[PDB]
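Notes follow once the structure below has been shown.
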Amino acid sequence: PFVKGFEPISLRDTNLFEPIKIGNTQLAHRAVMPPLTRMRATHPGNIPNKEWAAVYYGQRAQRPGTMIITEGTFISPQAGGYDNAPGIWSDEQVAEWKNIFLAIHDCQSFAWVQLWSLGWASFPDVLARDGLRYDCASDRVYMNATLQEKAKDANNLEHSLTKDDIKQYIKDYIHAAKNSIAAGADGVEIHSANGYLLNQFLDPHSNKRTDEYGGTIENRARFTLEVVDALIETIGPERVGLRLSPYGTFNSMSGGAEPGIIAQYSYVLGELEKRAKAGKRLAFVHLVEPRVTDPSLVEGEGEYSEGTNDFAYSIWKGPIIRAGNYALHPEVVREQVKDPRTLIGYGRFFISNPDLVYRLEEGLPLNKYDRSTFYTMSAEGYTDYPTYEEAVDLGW
Ligand SMILES: Cc1cc2nc3c(=O)[nH]c(=O)nc-3n(C[C@H](O)[C@H](O)[C@H](O)COP(=O)(O)O)c2cc1C
Ligand SMILES: O=Cc1ccc(O)cc1
Ligand code: NA
């Protein structure tokens, strides 16, 4: 059914429907599908779904010139721990990714692989099954006492990364980035947000290290910036974006309650702009908004009111993607896209609206999303959300 209380506004007349160059790609409009974990990949081997994923992505690529960022994709076994999320380290994984990318390119849209590493958000017992470590910035902090218990129950306690461990993650990012590009992706997005491994190094709650990877703003930023630099130099800066969530509390991050958190992110962005000034500008920065501090909460819940991402615009001068409860607030988008380098990521309503871009252009009602099929091994709730016309052919 359609979202009941929703009054659509047509955005055809705004910068949301003006083209923009992002890296090597040429977008027709600035409505971006952000990374969305859907757990349709098959076990063993974290293989993308061969029946439905190319259909799902192709449906949502239908408007030519759409930028699509894939679900989080593991760079290596050690970086994972979720059996039904995809990887891109292996030949069999890349075999299906080529077909997904072909489905998006057949629609004249673009595909960016979000490269993922889980750190303390992983499952210690699944990792142990596979002979893998339970990795974190500092083993003196756990997400919660439950994951602490399961960690001890699996005899796989948190492992503070060594310097050699970090170097191996950097190699795995390079490997996964190279596989992404050889498979046909137009670029990659380094996931450094939402409390996963790289965010765990940025945040002073998770990162209590005393080597060169913690203890200061500069040290906490080092792992993320080394991944950035490694990929700049192997696939080029125009094929690399970075995702950050300054105000997020998901996965036990500090958010705005830490008064030092804007300095931490301001340092990362300043370092990105320095690289751009020396001729190596990343394709984009992708920010999660304080509008959504936790994506497991319904729209309007978990909204942080005492901070904004405006600081980013004074530091980073390249494209910025913003994401968080924009689908139901066209009045906010209308304002924010007056800035000529701003794109809007639409998460949960891209799940439910394959023709979301058309609906935003024409101001049409939106399909409700069904939270119970966000993560089921099913085409139901994946590829069977109707387009607007189909929805009217159904009574909605
Ligand atoms: C089911 C679901 C899966 C998501 N998966 C990812 C992911 O793999 N990587 C990521 O960076 N963000 C992920 N997110 C966060 C979204 O990209 C987005 O930032 C957030 O949902 C807020 O945007 P929205 O209100 O438009 O949905 C996910 C969110 C949801 C709801
Ligand atoms: O499954 C939800 C999810 C949220 C944020 C992410 O970064 C990844 C997955
Ligand atoms: Na390879």
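None of the figures in this text is laboratory data; all of them are computed from the coordinates on show. Note that we place each Cβ from the backbone using ideal geometry, even for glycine, and neighbour counts take in every protein chain shown.
The long axis of helix 261-277 is offset from the longest Cα principal axis of the chain by roughly 80 degrees.
The H on the amide N of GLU189, modeled in the peptide plane, is under 5 Å from the matching H of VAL113, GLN114, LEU115, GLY241, each at least 5 residues off or on a different chain.
Candidate cross-link partners of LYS208 among the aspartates and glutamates, defined by an alpha-carbon separation under 15 Å and a same-chain spacing of 8 or more, comprise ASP135, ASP139, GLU158, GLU218, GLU258. Ellipsoid fit via the Cα gyration tensor, segment 232-358: semi-axes of 24, 19, 14 Å, each the root of five times an eigenvalue, largest first.
Throw me the Rg/Rh for the chain, computed over C-alpha atoms with Kirkwood Rh, two decimals. Computed over Cα atoms, the ratio is 0.94.
Each residue, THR162 and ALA276, gets one label point 7 Å from its Cα in the Cβ direction; the gap between the two is 3.9 nm. Sorted ascending by nearby beta carbons within 10 Å, beginning with the fewest, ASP203, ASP294 become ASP294, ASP203.
The trypsin sites (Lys or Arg not before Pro) of segment 261-360 that DSSP puts in a loop, and whose beta carbon has at most 12 other beta carbons within 10 Å, are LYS338. Checked against a 28 Å cut-off, the cross-linked pairs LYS50/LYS280; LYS280/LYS338; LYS150/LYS178; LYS98/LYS338 give Cα-Cα distances beyond that limit for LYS50/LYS280; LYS150/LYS178; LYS98/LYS338. In percent, rounded to a whole number, the relative contact order of the chain is 19, using alpha-carbon pairs under 8 Å and six or more apart.
For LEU202, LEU16, the sequence from fewest to most other C-beta atoms within 10 Å is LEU16, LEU202. Once backbone amide H atoms are built at 1.01 Å from N, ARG209 has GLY215 as its partners under 5 Å, excluding neighbours fewer than 5 places away on the same chain.
Per-residue Cβ neighbour counts within 10 Å put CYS136, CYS107 in the sequence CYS107, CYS136, beginning with the fewest. Each residue of segment 62-69 was assigned a 3J(HN,Hα) from its phi angle through the Karplus expression (A = 6.51, B = -1.76, C = 1.60, θ = phi - 60°), giving 4, 7, x, x, 8, 8, 10, 10 Hz with x at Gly and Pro.
Rg and Dmax, both from the Cα atoms of segment 24-174 and both in Å, are 17.2, 52.
Relative to the longest principal axis of the Cα atoms of the chain, helix 91-106 runs at roughly 30 degrees. Using the average count of surrounding beta-carbon atoms within 10 Å as a protection proxy, the listed peptides 27-37, 112-122, 152-162 rank, highest first, as 112-122, 27-37, 152-162.
Note on the chain: antiparallel DSSP beta bridges, both residues inside, total approximately 15 percent of the bridges counted.
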